[PDB]
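Quick setup: one chain, the form deposited in one PDB entry, written in structure tokens, and binding and motion questions come after.
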């Protein structure tokens, strides 16, 4: 069978916590009344939820209600417990309240509101400084939650609210977030297709926070090369191929060989053989202002097959790519 792997940071946080911290299946939820809040309009639907603008009739303030599509009680407890545990954390969305309609009796979560900025204006006049700035904000969220023994597992653009006016970022949707436990084997059917780490794509279940670090690499990559998405795969299988055409096959097969992964027979014929491309092949006229030897160097240290060699959030935060935002924050 496959070789075991431990997270090399925050490995044992959860063990040293009281059982209540992570035993969310026994968390007892106290359901307020959904009539505290009046739905105003629908802000977008999803597979797991639908989200509405609402106002809280008591203090008259704008809020957001995420009405959860039917899923196992425990998956709801999980997301609540994780939100409860991470509250006040840098750039984590704030759970305000938890309610349940009186008639339909359907659970919902009430979140703080974020004056989100249109991505059409946030993907043309976004400067190389703004990309380093907000990326550093995401690492604040990632390093906090990882330090709190939590992996997010759905890092993707649609989950990062930015209030460009106030220069505020919030990491949202913890529906997929889970607790890290050394040795645990996890469901690899997680995150969105363009931000799956190779470990999900090859079915290696003993992964850790390093998964969140790949998804970040995908996003930085797509922003400095102005290619959305950067790895554009048709399915989960072709996604690995699109990755292999860029990182090379030789590292991929070493990764498989090192963890003694058993690769799918489907993959036995589509991966082929590909060299590792230098990042210079992706820089052109329109995007050269966002590319630099520091971004490239930081990017290359995030996108790695081997999850153990990916930078931790705290290492990322110390990378020279962020030297200016660190200095300006003082």
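Only residues modelled in both forms are compared. Residue numbers count along the first chain shown, from 1. Between two forms, the rigid core is the largest collection of C-alphas that superpose within 1.5 Å.
If you average the C-alpha B-factors over 126-134 and over 203-211, the higher value belongs to 126-134. Per the PDB record, of the two stretches 161-169 and 87-95, 161-169 carries the greater mean B-factor over its C-alpha atoms. When the C-alpha B factors of 111, 237, 144, 174 are read from the deposited coordinates, the top value falls at 237. Per-chain ranking of the deposited C-alpha B factor places residue 183 in the middle third. Ranked by Cα temperature factor within the chain, residue 154 sits in the lowest third according to the deposited record. In this PDB entry, residue 252 carries a Cα temperature factor that places it within the middle third of its chain's modelled residues. Among the modelled residues of its chain, residue 289 has a C-alpha B-factor that falls in the highest third, as given in the PDB entry. Sort the chain's modelled residues by C-alpha temperature factor and residue 50 lands in the middle third, per the entry.
Note that the form solved in complex with a partner chain isn't included here; everything after this is about it.
Residues with any non-hydrogen atom within 4.5 angstroms of its partner chain in the entry with it bound fall in just one of 160-168, 212-220, 104-112, 140-148: 104-112. Its partner chain in the entry with it bound is not approached by residue 297, whose heavy atoms all lie more than 4.5 angstroms from it. The closest heavy atom approach of residue 40 to its partner chain in the entry with it bound falls within 4.5 Å.
Taking the partner from the other structure, its partner chain in the entry with it bound has no heavy atom within 4.5 Å of any heavy atom of residue 279.
Looking at residue 67, you'd find a heavy atom of it within 4.5 angstroms of its partner chain in the entry with it bound. Only one of 205, 147, 94, 121 has its Cα shifted by 2 Å or more between the shown form and the other one after fitting on the core, and that residue is 121. A displacement of less than 2 angstroms separates the C-alpha positions of residue 281 between the shown form and the other one, with the rigid core held in common. After superposition on the rigid core, displacement of the C-alpha of residue 45 between the shown form and the other one amounts to 2 Å or more. Shown in the overlay between the shown form and the other one, fitted on the rigid core, is a CA shift at residue 104 of 2 Å or greater.
Compared with the form shown here, the C-alpha atoms of residue 138 and residue 45 sit at least 3 Å closer together in the entry with it bound.
The pair residue 190 and residue 47 separates in the entry with it bound: their C-alpha atoms are at least 3 Å more distant from each other than in the form depicted.
Core-based superposition between the shown form and the other one shows that the consecutive residues, three or more at a time, whose C-alphas shift by 2 angstroms or more lie in 44-48, 102-105, 116-125.
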